[PDB]
Amino acid sequence: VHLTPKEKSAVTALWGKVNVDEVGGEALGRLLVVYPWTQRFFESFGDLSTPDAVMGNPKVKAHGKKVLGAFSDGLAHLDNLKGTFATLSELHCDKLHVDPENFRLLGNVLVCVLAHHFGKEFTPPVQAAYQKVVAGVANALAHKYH
Amino acid sequence: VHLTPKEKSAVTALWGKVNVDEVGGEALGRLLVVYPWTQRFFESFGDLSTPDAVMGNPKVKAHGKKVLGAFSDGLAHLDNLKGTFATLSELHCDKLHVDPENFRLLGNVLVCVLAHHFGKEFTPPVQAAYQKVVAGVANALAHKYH
Amino acid sequence: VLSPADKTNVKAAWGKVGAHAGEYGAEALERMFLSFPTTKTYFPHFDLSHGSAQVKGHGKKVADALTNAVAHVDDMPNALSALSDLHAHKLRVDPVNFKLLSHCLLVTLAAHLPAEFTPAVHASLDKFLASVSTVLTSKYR
Amino acid sequence: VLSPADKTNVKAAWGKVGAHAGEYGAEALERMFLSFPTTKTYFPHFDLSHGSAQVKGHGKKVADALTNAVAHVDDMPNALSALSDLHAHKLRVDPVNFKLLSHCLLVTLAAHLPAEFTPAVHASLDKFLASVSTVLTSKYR
Ligand code: HEM
Ligand code: HEM
Ligand code: HEM
Ligand code: HEM
């Protein structure tokens, strides 16, 4: 995916302020709360009965950190997302059989979490740059389907 | 997209029996009838007020023939759909701004028209091969978006 | 919303299915499993091969639910309430998958009922299956 | 379906929007136009640049419709019937675009109302906007 230099600047500048220990778990937790069918893939994580249970679940926070790490890796290789996400694509498509629509949903939940954390700093043009990013990640993660 | 030889065989054998003067117009007409918001892109085609009007419209039949021609071209280049659909992608994405979900819809309407025409010959494994094809075409037509 | 003509079209087309109801349901499931292999994981206790008695029996259940919806088309949220709870709560079926099965039901009807599958009836059947899908995905918690 | 808690959450969160209602609607539209440029073609008679009086005025209309839906949350198909006719018949808005604007409304609320945008309220707002979208796409003919 192609970001302008202005968009790259906006994206990288904001990402440097991201709390990498928390934002991923917040995005994964909100996915599980907002789109409850995604809990199907996380039976082994234990207590997901309430939103508080989900958000405070240590396994959700730990797995969220790995997800964010993958987004971070994508931001470093915007011109080669397919190669970057090849193994993850094999995992999520061939092994897990997650419908790729959910990759789009998690990307959009991440965008909501960034908006929540950064407030007015998450301007409409900053969002538009991040939408290019999370679309790119979703399409690359979906590569084994197409 | 990768079809097995058995799937390639099934796809090519059926496509040879397709009426290339009619099936495309039937698919485009049914798109316009079943998903009426797609009529937004065809104001210049005139009378689209009823299903009979749509299906009998000479412009729908003529434009449908071009659509089918593009599907035929895709079937000949299954291992290079991106290049095959590059100009069409530029047209439908950059110039027309058609949401790519509609590429998926038209592909699925084509699958319904093939089922209608071929009946029991359009077996579940034949369909599955055609679903790979129309997904591939939709993804290639959508390339300028991602 | 389903129009008077939609309800007439759906009742007429489904009326032609007859004793093949269960058979067509089973075929739509098979089409879905082969065309969209992600959907297979909902049925690990099923053998999904051709001629599977389990897919045959499940196709009859799917058809009976659709027949229930046709027979109670003005009261579908109520008629399908238990099934909505089941698919959304217990089974956690991804809403995308209803679009996939609905498409496979249309393909099955087209392959069997060429006289009934006119453009107008295709449109009515699509709206009907989307309405059924809307009810069955209405209970996510 | 919206639960009692969903209705409470949506009313509470939307209550905090206040005199910013029109402003937030306008910002959500701008976010949509920039993030998803396909949506721009519905507004050729609009200047879509930042500070556009037309986008500002349209944001107020969108907010007033959402406020109407909140105020009549148990009767939304009726309350939004005219708007449903407009978007589906006259304007022929692609149903995908409602998901795009709904997402941009969530982003706007998150960016402005950090205390209100809890995971539970995010879920309720998503269900509410999906319900509004379901009504506004219910009239395709
Ligand atoms: C942009 C979207 C996504 C990204 C970047 C992502 C990233 C990751 C990463 C980094 C892992 C760890 C893999 C490892 O341990 O090596 C993982 C595992 C996993 N993901 Fe995701 N994921 C995404 C979407 C999803 C969604 C939507 C679901 C389900 C609704 C899902 C279900 C799972 C599961 C169940 C695992 C555990 C697999 C295992 O441990 O064997 N993922 N994902
Ligand atoms: C797999 C999906 C599709 C294929 C293969 C396809 C193919 C084509 C072809 C071959 C043409 C003729 C281009 C030319 O004259 O050189 C065309 C034009 C056009 N298409 Fe499609 N199309 C698809 C989907 C769609 C959809 C879903 C829409 C709208 C809902 C759409 C709207 C149009 C319009 C308005 C034109 C006329 C453009 C012009 O004459 O300037 N297309 N398409
Ligand atoms: C038109 C849409 C659908 C209809 C009418 C329908 C109908 C039914 C019916 C009648 C049952 C049996 C209920 C019971 O025995 O208590 C059932 C069960 C089930 N359905 Fe569906 N369904 C639909 C869509 C889907 C989809 C899209 C999926 C997943 C891809 C799915 C997955 C399942 C599963 C896993 C079961 C349980 C099977 C078992 O454990 O024995 N359904 N459905
Ligand atoms: C939450 C969803 C939405 C709400 C509440 C909403 C609300 C409204 C309202 C209140 C109006 C003005 C009605 C009037 O003046 O009679 C309107 C008009 C309009 N809407 Fe929406 N809308 C929504 C989604 C969309 C989407 C997704 C699109 C397209 C991407 C869209 C395109 C339009 C257009 C083109 C007009 C006419 C503008 C004009 O010609 O002046 N709407 N909408």
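Conventions used here
Residues numbered from 1 in each chain as written, not as in the entry; some residues may be left out. Chains lettered and ligands numbered in written order. Heavy atoms only, no water. Donors = N, O, S within 2.8 Å, 3.2 Å for Na, K, Ca; no water. Helix = DSSP H or I, 4+ residues; strand = E, 2+ residues; numbered from the N terminus. Contact = heavy atoms within 4.5 Å. Buried area = accessible area lost by both parts, 1.4 Å probe. Polar contact = N/O pair within 3.5 Å; in protein donor to acceptor, adjacent residues only side chain to side chain. Nonpolar A, V, L, I, M, F, W, Y, C, P; charged D, E, K, R; others polar. Salt bridge = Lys/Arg side-chain N within 4 Å of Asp/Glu carboxyl O. Buried < 20%, exposed > 50% of the residue type's maximum accessible area, 1.4 Å probe, protein only. UniProt positions renumbered as here; feature names shortened; annotations may be inferred. Arc of directions from axis to C-beta. Near = heavy atom within 4 Å.

As documented in the archive entry, the model was determined using X-ray crystallography at 1.4000 Å resolution.

Six octahedral donors around a metal ideally subtend angles of 90 or 180 degrees, whereas four tetrahedral donors ideally subtend 109.5 degrees. For the iron atom of ligand 2, the protein supplies a single donor, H92(B) (NE2), at a distance of 2.0 Å. Within the secondary structure, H92(B) sits in helix 6 (residues 86-95).

Okay, the interface of chain A and chain D next. Facing the 22 residues of chain A at the interface are 21 residues of chain D. For the pair chain A and chain D, the two sides together bury roughly 1800 Å², of which 61% comes from carbon and sulfur. Counting across the interface, chain A meets chain D through seven residue pairs in polar contact. At the level of elements, helix 2 (23-34), helix 3 (51-56), helix 7 (101-118) and helix 8 (124-141) of chain A are the ones that each hand at least two residues to the side of chain A that touches chain D. Per-element tally for the side of chain A that touches chain D: the top contributor is helix 7 of chain A, with seven residues. Grouping the constituent residues of the side of chain A that touches chain D by class yields 13 nonpolar, six polar and three charged.

This next bit is on the pattern of salt bridges. Residue and element names in this part refer to chain C. If you walk through the whole model with that rule in mind, you get 20 salt bridges over all chains. Residues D74 and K7 are paired through a salt bridge, measuring 2.4 Å at the closest nitrogen-oxygen approach. One end of the pair, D74, is in the loop between helix 3 (53-71) and helix 4 (76-79); the other, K7, is in helix 1 (residues 4-17), and 67 residues separate them in sequence. Classification of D74 as exposed rests on a relative accessible area of 63%.

As a further point, take the UniProt feature "domain: Globin" in chain C. In this numbering, the UniProt entry assigns the feature "domain: Globin" to residues 1-141 of chain C. Regarding residues 1-141 of chain C, the helix share stands at 69% and the strand share at 0%, and the terminal C-alpha atoms are separated by 25 Å.

Residues and elements named next belong to chain B. Here helix 1 (residues 5-15) has its buried residues at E7, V11, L14 and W15. Down the axis of helix 1, the sector holding all buried residues measures 100°, keeping them to one side. Structural note: helix 1 exposes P5, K6 and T12 on the side pointing more than 90 degrees away from its buried face. Elements in contact with the buried residues of helix 1: helix 4 (58-75), helix 7 (101-118) and helix 8 (124-141).

All names here are of chain A. The feature "binding site: (2R)-2,3-bisphosphoglycerate", as annotated in UniProt, sits at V1, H2, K82 and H143 in this numbering. For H2, the location among the structural elements is in the segment before helix 1 (5-15). As for its placement among the helices and strands, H143 is situated in the segment after helix 8. Beyond its immediate sequence surroundings of up to four residues, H143 is in contact with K82 and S89.

Okay, the environment of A128(B) next. Summarising the element assignment, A128(B) is placed in helix 8. Along the chain, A128(B) and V54(B) lie 74 residues apart, while their C-alpha atoms are 29 Å from each other. Each residue touching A128(B), except ones within four places of it in the same chain, is listed here: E7(B), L34(C) and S35(C).

Moving on to the site of ligand 2. Residue and element names in this part refer to chain B. Inspection of the region around ligand 2 gives 18 residues, with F41, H63, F71, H92 and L141 positioned closest. Here the element with the most residues in the shell around ligand 2 is helix 4; it accounts for five residues. Across the shell around ligand 2, the residue classes break down as 13 nonpolar, four polar and one charged.

Looking now at the environment of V62(D). Summarising the element assignment, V62(D) is placed in helix 3 (residues 53-71). In the structure, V62(D) is positioned 29 residues away from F33(D) in sequence and 15 Å away in space, judged by C-alpha atoms.

This part takes up the environment of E23(D). Residues and elements named next belong to chain D. Of note, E23 is situated in helix 2 (residues 21-35). The class for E23 is partly exposed, based on a relative accessible area of 41%. For the pair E23 and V55, spaced 32 residues apart in sequence, the C-alpha to C-alpha distance is 9.7 Å. Here the side chain of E23 touches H20 through a polar contact of 2.9 Å, side chain to side chain.

A few words on the UniProt feature "binding site: heme b" in chain A. All names here are of chain A. Here the UniProt feature "binding site: heme b" sits at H63 and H92. Spatial clustering of the annotated residues is evident: they stretch over 30 residues in sequence, but the largest pairwise C-alpha distance comes to 14.2 Å. Counting through the fold element by element, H63 comes out in helix 4 (residues 58-75). Residues within four places of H63 in sequence aside, it is in contact with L28, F42 and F45. The residues contacting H92, other than those within four sequence positions of it, are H97, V98, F103, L141 and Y145.

What follows deals with unusual backbone geometry. Working note: non-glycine residues mostly have negative phi, and peptide bonds are mostly trans. Residue and element names in this part refer to chain C. Phi at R92 takes a positive value of approximately 50°, unusual for a residue other than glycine. Here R92 lies in the loop between helix 5 (81-90) and helix 6 (96-112). The class for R92 is buried, based on a relative accessible area of 18%.

Turning our eyes to something else, we now look at the UniProt feature "binding site: heme b" in chain C. Residue and element names in this part refer to chain C. The feature "binding site: heme b", as annotated in UniProt, sits at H87 in this numbering. Mapped onto the elements of the fold, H87 is located in helix 5. Leave out the neighbours within four places in its chain, and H87 touches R92, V93, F98 and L136.

In this section: the site of ligand 4. All names here are of chain D. Lining the immediate surroundings of ligand 4 are 17 residues, of which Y42, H45, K61, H87 and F98 lie closest. Contact distances for ligand 4 include 3.0 Å between an oxygen atom and a side-chain N or O atom of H45. Within the contact set of ligand 4, a nitrogen atom lies 2.8 Å away from a side-chain nitrogen or oxygen of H87. Among the secondary structure elements, those contributing two or more residues to the shell around ligand 4 are helix 3, helix 5 (81-90) and helix 6 (96-112). With four residues, helix 3 is the largest single contributor of residues to the shell around ligand 4. Tallied by class, residues from the shell around ligand 4 come to 12 nonpolar, four polar and one charged.

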